[PDB]
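Given next, in structure tokens, is a single chain: the form deposited in one PDB entry.
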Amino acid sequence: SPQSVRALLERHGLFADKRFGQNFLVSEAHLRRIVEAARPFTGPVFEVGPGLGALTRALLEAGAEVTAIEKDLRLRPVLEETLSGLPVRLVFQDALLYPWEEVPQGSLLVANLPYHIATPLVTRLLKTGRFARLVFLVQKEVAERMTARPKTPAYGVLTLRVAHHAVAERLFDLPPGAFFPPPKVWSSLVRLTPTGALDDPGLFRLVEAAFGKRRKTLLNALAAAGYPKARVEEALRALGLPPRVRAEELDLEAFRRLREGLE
């Protein structure tokens, strides 16, 4: 309950710290949903931000082999208490500094992610190609970006970054009350299933150029970013797109074809 979480924090003399984006998950039902979205545990599990150990314990109980990476050293006593008797590798480090590129092929990310590192962290883990599934909570707006369809406000670079590497599902929305202390926004449970592609720097130079100048048509954004105007005009024409088409109108395959057209 929010009651029990509040009481656990108080007993350990802890306060939720905004510098760590600390919002701890309350309900067993939400923990269950996260575990069920991530199972079966066919590879090692990495959890970023175990916090009070609620999800960590659920994972371990489900038979997962877990490495949990926590930046706040103050959470060590509560984590040791919650996880007493259970095989966990507890690592106290900034997860943005963890050697992600070397995790075993087939690893799973399962985590209530700290809002302020979620986007760069997920981007990096997707680039590794090492994960079978990534299952995590993120702010609802970030979830919407990760699962956007073309021609919408949320559609952009992050959408295309996730799509290039993976299929994306928004499985459930969680109200601020699902956490203690409650955040100011809703969160969502997201599942990413990598589909094989590693980074494609050329593709993302194009995508980032495409979305850099948001008030411009695709042609002008790309031209202003140093792509030869005539070649862009021709590639767009060749794809049967209107001269003044905008970046948000193109799906992943369309960007791939555009890139192939320009090269």
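Basically, rigid core = biggest C-alpha set you can superpose within 1.5 Å across the two forms. Residue numbers here begin at 1 and follow the sequence given.
The same protein has a further form, the form deposited in another entry, not shown here; the description that follows concerns it.
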Of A132, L86, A154, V157, the one whose Cα moves 2 Å or more between the shown form and the other one after core superposition: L86
Core superposition between the shown form and the other one, C-alpha change of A118 at least 2 Å: yes
C-alpha of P243 off by 2 Å or more between the shown form and the other one on rigid core: no
Rigid core superposition, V190 Cα moves 2 angstroms or more between the shown form and the other one: no
Direction of Cα pair change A118-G212 in the other entry, magnitude 3 angstroms or more: closer
Distance trend in the other entry - C-alpha atoms of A148 and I117, change of 3 Å or more: closer
